[PDB]
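Visitor: Output the structure for:
(2 chains, ligands or ions: 4)
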There are 2 protein chains.
Amino acid sequence: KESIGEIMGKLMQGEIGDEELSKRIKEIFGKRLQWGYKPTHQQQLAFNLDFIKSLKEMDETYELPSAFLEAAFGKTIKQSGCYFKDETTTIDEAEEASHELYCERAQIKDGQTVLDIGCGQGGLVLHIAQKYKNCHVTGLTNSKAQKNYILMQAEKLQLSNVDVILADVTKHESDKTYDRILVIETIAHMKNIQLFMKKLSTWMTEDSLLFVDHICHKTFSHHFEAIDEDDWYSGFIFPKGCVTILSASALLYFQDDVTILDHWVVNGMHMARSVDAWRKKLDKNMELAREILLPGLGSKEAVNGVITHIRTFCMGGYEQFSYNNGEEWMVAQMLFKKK
Amino acid sequence: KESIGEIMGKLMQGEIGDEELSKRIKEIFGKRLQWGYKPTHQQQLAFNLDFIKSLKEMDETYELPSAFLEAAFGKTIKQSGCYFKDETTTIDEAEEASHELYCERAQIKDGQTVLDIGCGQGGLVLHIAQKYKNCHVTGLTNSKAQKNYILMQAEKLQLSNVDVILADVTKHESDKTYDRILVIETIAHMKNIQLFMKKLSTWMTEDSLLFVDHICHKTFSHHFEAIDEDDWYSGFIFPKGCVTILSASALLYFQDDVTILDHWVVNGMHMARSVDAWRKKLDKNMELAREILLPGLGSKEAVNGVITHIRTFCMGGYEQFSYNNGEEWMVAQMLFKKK
Ligand SMILES: C[S@@+](CC[C@H](N)C(=O)[O-])C[C@H]1O[C@@H](n2cnc3c(N)ncnc32)[C@H](O)[C@@H]1O
Ligand SMILES: C[S@@+](CC[C@H](N)C(=O)[O-])C[C@H]1O[C@@H](n2cnc3c(N)ncnc32)[C@H](O)[C@@H]1O
Ligand SMILES: COc1ccc(C[C@H]2c3cc(O)c(OC)cc3CCN2C)cc1O
Ligand SMILES: COc1ccc(C[C@H]2c3cc(O)c(OC)cc3CCN2C)cc1O
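Guide: Numbering: from 1, shown residues only, chains lettered A, B, ... in the order given. Ligands and ions are numbered 1, 2, ... in the order given. This is the structure:
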């Protein structure tokens, strides 16, 4: 069936079954792979360097209710890839394992000041604060709801070492420095990477470390947007075209102000299992979710719309991160010091 | 035929024909590829990062006569990969094309001070000096013979803007700075890369650029040494185990003191065609070469030994750089500024 509008129409009517939906999104990702892989390393580097150089030239009131977030995501409402040891690891255990991975790779130690940039619902902030009672942990979010959620959770867990800065990170100005800065799956939303990294360095001292985790492709970078008129998916998921997927090594070229100390990647099956867990939990709590959303949304059809958007994101994320057994799209992690 | 000694024995007797020699070296390189490629990007990065971290912990009077060098190499005696536009490009034309490539990518402009580190027989120094009469061009070499050769060539070409520093680059101390620093296929011999790059930065100002060209593997780094007891080749060619082949991206992790601006690779068929041209020219001038070498060598057998070493280097280099149509071993190039 041709035509964006036609596919979008059937999709919203629940007339496209899971199997065909998955098959359709997978073919969309297959075409991005064809766009991204060049025949020789000479050409691959030319293409990658052109993307990086273009980056270096660059310079909604409605928020889902937290009770809905609790019904779709895991216990700490982590909205980033989790780490699954087993086949039977639950989303709650995978959330905790990923928190501990970050603490290990970012070399968190009791006593440090820690800043978590774009902290979301604050799972990582709460984890570090609870495990390391002499750390002072600051979250930074541009969401008032997120701030209020984190502060409430801190109060319930009897944590006294948590604060939250409410700010757009690109506009925030401050003299404060921190021993540790964490940036977990936020960089994909950052429009000016060179400026972002530069600002981060001014919040560091000679003893600080910076840890960044970002969704990536192992070989090439791309904007998350349609290649052609056959791709209904990209523009449905991110209607504002400002999500960038950096290659696993792209940040190596942004060492004006920071210097790399270590670099890892985590296979895409972890992310795939994450989104699959959210999809399954959402499906299980579907009735409850629709009831929670109805008030603030107004119509049963607007509810259906928000649910379709979220569920399709999950189905598409599955196909993207599980491609070739997790060896295409994945998560890259880097550790830096100030330069 | 098993046993290192046995193969080494036949090789020196000219009893191993070209076809079997090539086949044997190619299988040796095949095994290094098996050693170097990991099943997942997560493992490949772990392996690459381990090599880079190990680097960061690390801290002959007999010279061939220039008349011999003239009989084996091209007109400027370039001893680095050349650039072949055609099938019929000669070694002399490929030397010139590669010189012009370096000048373009290093952004050489008339009027600049230029330093060429490990300048060899000074082909690049003489090229820049002749093309850009207002540049002052300094070569640095640890070889007295090379210095004397370059100065003589400068005198014959009526060049007044050439000087040569005789020094071990790792020990050279100086307050002088340069607009442009070039390092062409020298880094593979450098034992302490982090210290090397740091020193280079002290010879730069805020306006300087640094261009590095190095032999590489596209995916992984390795020392040029035997994996196992089946590899007679590595230890025959470099009897001192201190040649490192960095991956194409290894230098990205050495930005403590310099910051990357651009990055390229040149397909390995260019290098392969280079060594093939040297081998063919040596074979053509074989009689003349043996006569030139005899004086300073003393015996016809020591002559035969030096020729076998050089010719086998060429045959092995062919198999290494032409592997998979030049898409394994190749040449990487980087441009940096001071940090
Ligand atoms: C993909 S979520 C990851 C959240 C959290 N770190 C986690 O791992 O669950 C990225 C977060 O960045 C926040 N964000 C996006 N742009 C921001 C900006 N300019 N300033 C601050 N936060 C921002 C979003 O609100 C969102 O909470
Ligand atoms: C592979 S040759 C390349 C020569 C020249 N750049 C070219 O492209 O033909 C590398 C050169 O580095 C020189 N070299 C090696 N170690 C050196 C050191 N520590 N200081 C100075 N020169 C060195 C060698 O003598 C040799 O001439
Ligand atoms: C609507 O806001 C959200 C954005 C992202 C996620 C999950 C996950 C993720 C999963 C994807 O597959 C993806 O596409 C490339 C992007 C992202 C962004 C980083 N991360 C946290 C959850 C959200 O609720
Ligand atoms: C004996 O000294 C020499 C060393 C190297 C070359 C040619 C060429 C090259 C070719 C190879 O295949 C190789 O192996 C990985 C290493 C090198 C070193 C860099 N370059 C200049 C020529 C020489 O005369």
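Visitor: and residue A:212, helix, strand or coil?
Guide: Using DSSP: H, G, I helix; E, B strand; the rest coil, the structure places residue A:212 in strand.
Visitor: show me the contacts for the closest residue to it other than its chain neighbours.
Guide: Spatial nearest neighbour of residue A:212, excluding adjacent residues (Cβ to Cβ, 6 or more residues apart in numbering or on different chains): residue A:183 at 4.5 Å. All C-beta atoms are positioned from the backbone trio N, CA, C, and that covers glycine. By Cβ atoms under 8 Å, 6 or more residues apart in numbering or on different chains, the contact list for residue A:183 reads A:117, A:118, A:200, A:210, A:211, A:212, A:213, A:214.
Visitor: tell me the centre residue of chain A?
Guide: residue A:185 (3.7 Å; Cα atoms, centre = their mean).
Visitor: Any figure for the gap between the residue in the stretch 201-339 of chain A positioned nearest to ligand 4 and residue A:217?
Guide: Among the residues of the stretch 201-339 of chain A, residue A:249 lies closest to ligand 4, at 23.9 Å counting by Cβ to the nearest ligand atom. Distance of residue A:249 to residue A:217, given as Cβ to Cβ, to the nearest Å: 10 Å.
Visitor: Can you show me the helices along chain A?
Guide: A:4-12, A:18-36, A:41-55, A:66-72, A:91-105, A:123-131, A:144-156, A:193-202, A:233-237, A:269-284, A:286-297, A:300-322 (DSSP state H).
Visitor: circling back to that earlier point, isn't the residue nearest to the centre of chain A right up against residue A:215?
Guide: Yes - using Cβ atoms under 8 Å, residue A:185 is in contact with residue A:215, at 6.2 Å.
Visitor: any shared contact partners between those two?
Guide: If you check residue A:185 and residue A:215 against Cβ under 8 Å, 6+ apart, the residues they both contact are A:81, A:331.
Visitor: what's around residue A:204, how many residues?
Guide: Neighbour count for residue A:204, taken as other Cβ atoms under 10 Å in any protein chain shown: 22.
Visitor: That one reaches residue A:197, doesn't it?
Guide: No - if you go by Cβ under 8 Å, residue A:204 and residue A:197 don't touch, sitting 10.6 Å apart.
Visitor: Overlap of the contact sets of these two?
Guide: Common neighbours of residue A:204 and residue A:197 (Cβ under 8 Å, 6+ apart) are residue A:258.
Visitor: Identify the residue nearest residue A:98 in space, chain neighbours excluded?
Guide: Distance criterion Cβ to Cβ, 6+ apart; nearest residue to residue A:98, sequence neighbours excluded, is residue A:83 at 4.2 Å.
Visitor: and chain A, which residues reach ligand 1?
Guide: A:78-80, A:118-120, A:123, A:141-143, A:168-170, A:184-186, A:189 (Cβ under 6 Å from any ligand atom).
Visitor: So is stretch A:17-37 next to ligand 3?
Guide: No - legend: contact between stretch A:17-37 and ligand 3 by Cβ under 6 Å from any ligand atom is lacking; minimum distance shown is 10.0 Å.
Visitor: which residues touch the residue in the stretch 101-250 of chain A that ligand 3 sits nearest to?
Guide: Per Cβ to the nearest ligand atom, the residue of the stretch 101-250 of chain A with the smallest distance to ligand 3 is residue A:185, at 4.0 Å. Residue A:185 makes contact with A:79, A:80, A:81, A:118, A:213, A:214, A:215, A:331 under the criterion Cβ under 8 Å, 6+ apart.
Visitor: count of residues packed around the third one?
Guide: Read it as residue A:81. Using other Cβ under 10 Å: residue A:81 sits among 25 other residues.
Visitor: how about it, phi and psi?
Guide: According to degrees, to the nearest 10, the main-chain angles of residue A:81 amount to phi -60, psi 140.
Visitor: mind listing what the residue in the stretch 1-150 of chain A that chain B sits nearest to touches?
Guide: Ranked by Cβ to the nearest Cβ, the top residue of the stretch 1-150 of chain A for proximity to chain B is residue A:41, at 4.5 Å. By Cβ under 8 Å, 6+ apart, residue A:41 lies in contact with B:218, B:248, B:265, B:267, B:327, B:330.
Visitor: thought residue A:99 was touching residue A:127?
Guide: Yes - taking Cβ under 8 Å as the definition, residue A:99 is a contact partner of residue A:127 at 4.2 Å.
Visitor: ok, the residue nearest to residue A:98 - contacts?
Guide: A:94, A:97, A:98, A:101, A:266, A:270 are the contacts of residue A:83 under Cβ under 8 Å, 6+ apart.
Visitor: what do you get for residue A:339?
Guide: A:201, A:255, A:256, A:257, A:258, A:259, B:255, B:256, B:339.
Visitor: out of these, who has the most neighbours?
Guide: Most crowded among those, counting by other Cβ under 10 Å, is residue A:258 at 25 neighbours.
Visitor: From chain B, how far out is the nearest residue to it once chain neighbours are set aside?
Guide: Nearest in space to residue A:258, with sequence neighbours left out and distances taken as Cβ to Cβ, 6+ apart, is residue A:336 at 4.0 Å. For residue A:336, the distance to chain B equals 10 Å [Cβ to the nearest Cβ, to the nearest Å].
Visitor: quick one: stretch A:123-132 to chain centroid distance?
Guide: Taking the mean of its C-alpha atoms, stretch A:123-132 sits 19 Å from the chain's own mean (Cα atoms, centre = their mean, to the nearest Å).
Visitor: Please tell me how far residue A:248 sits from ligand 2.
Guide: Per Cβ to the nearest ligand atom, to the nearest Å, residue A:248 is found 31 Å from ligand 2.
Visitor: coming back round to it: list buried residues within the contacts of residue A:83.
Guide: With burial judged by 16 or more other Cβ atoms under 10 Å in any protein chain shown, the buried subset of the contacts of residue A:83 is A:94, A:98, A:101, A:266, A:270.
Visitor: State the pair within those residues that is farthest apart.
Guide: Using Cβ to Cβ, the buried ones among the contacts of residue A:83 span at most 11.6 Å, a distance reached by A:94 and A:266.
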